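This document opens with one chain alone, in structure tokens, the form deposited in one PDB entry.
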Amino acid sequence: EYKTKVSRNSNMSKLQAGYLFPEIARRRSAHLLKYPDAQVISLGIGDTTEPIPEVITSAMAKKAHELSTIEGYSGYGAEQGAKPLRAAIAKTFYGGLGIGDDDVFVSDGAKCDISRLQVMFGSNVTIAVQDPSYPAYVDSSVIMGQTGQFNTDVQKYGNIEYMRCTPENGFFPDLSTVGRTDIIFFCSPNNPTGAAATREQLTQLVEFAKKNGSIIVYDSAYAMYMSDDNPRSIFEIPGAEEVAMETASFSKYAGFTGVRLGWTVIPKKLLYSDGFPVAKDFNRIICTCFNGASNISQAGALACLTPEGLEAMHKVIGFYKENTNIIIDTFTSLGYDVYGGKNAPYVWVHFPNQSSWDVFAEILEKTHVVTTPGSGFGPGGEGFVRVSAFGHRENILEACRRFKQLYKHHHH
């Protein structure tokens, strides 16, 4: 067989396996070969299951129809996004926090923004992540060349600062034990633990970043699920504008998981060590490596940020919050320690003295329910299982009755 003379990217070689969620998909397929008549319920990947509100899809269809008229047709948008959408985002989510429309960059999703920010930061930065955290932060770091090899003894890539978040520290890092890095990826409410940082904790985080001269990348993707009285944006902390940016998405709010629209906010006071504004490099990246969110997706997002859109999103979020309460009540009834669920549409269940992949496998085998093993979100990680609350009501109720059957003899 012919082979080229080009070397495989050594950063790709550093990666341990496939992305977590593809590997789950594999095990689910293998399960269905074993049990062809199983009624599988997926509470794994956090994918929304209910229809997008009519107020939102009507706007998208209307925009689509307009594209076939002389008067309504539009080509390329500004790659930062439509001005009225940037304005609406700035007002709706950041009004009072000193964010201008020009600080908002509209994307096709937070996942893709993470990787574009990582292209911008480059191979020479060091990163810190919550441990556990959404696996894309770590994986994007490895791909960009920011790390060493994976150490199988500690289950960590070298040169990443994994800030451990545990029942014993209230799922917020002990910052006095955290080494300096250039970047700090910080998610609140956190995926997978569900923990939302308090104002006092975020204040300490900003103070930490300011003293270390770090940039915080704040992921507020689940902030609309907040029930506790905690900040929804990092920009609520005075000083955040000198050390933080924020990334977010409509995915979990509007059912936009397949529609594709997010944003990143980068303040004017966020500067590199030479005084260069970070937002100017992001703008370069966005103009050269991206061609903007879909015009139809942008019109949907614009429809969301209206009285009727906002009411529709509250109703949807409210439905998934009650799904999460059912799940919480289920595991608590069975005697497990269950974390999260209060401020986020998933629960973080403690299965001490077992490996999370084993618990994942046992739940899948016995109940035909897919969950997510905690070690998929990093070594801190082990052994919790994340259970998603997204699903039709009857599917959630049925999953929970299957859990009850599986776990009835465990406690006490």
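From 1 onward, residues are counted along the sequence shown. Take the two forms, find the largest set of C-alpha atoms that superpose within 1.5 Å, and that set is the rigid core.
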Subject >> Which of 188 to 196 and 249 to 257 has higher mean CA B factor, as the PDB entry lists it >> reply: 249 to 257
Subject >> Higher-scoring stretch by recorded Cα B factor average, 262 to 270 or 336 to 344 >> reply: 336 to 344
**OP:** Would you mind checking which of 72, 122, 132, 179 has the top Cα temperature factor in the PDB entry?
**Re:** 72
Original post:
Reading the B-factor column of the entry, which of 126, 118, 204, 155 has the highest value at its C-alpha atom?
Top reply: 155
**OP:** Comparing against every modelled residue in the chain, figure out the third that the C-alpha B-factor of residue 5 lands in (lowest, middle or highest).
**Re:** lowest
Original post:
Thinking about Cα B factors across the chain, which third does residue 62 belong to?
Top reply: middle
Original post:
In terms of the CA temperature factor given in the entry, to which third of its chain does residue 216 belong: lowest, middle or highest?
Top reply: lowest
Subject >> Third of the chain, ranked by Cα B-factor, where residue 168 sits >> reply: highest
**OP:** Consider only the C-alpha atoms of the modelled residues in this chain, order them by B-factor as the entry records it, and name the third containing residue 276: lowest, middle or highest.
**Re:** middle
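Form deposited in another entry: not shown, discussed below.
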Subject >> Moved residue between the shown form and the other one - picked from 256, 339, 162, 134, where its Cα shifts 2 angstroms or more relative to the rigid core >> reply: 256
Original post:
Considering a change of 3 Å or more, are the Cα atoms of residue 188 and residue 255 closer or farther in that other deposited form than here?
Top reply: closer
Subject >> Closer or farther in that other deposited form: C-alpha pair residue 258, residue 29 (3 angstroms or more) >> reply: farther
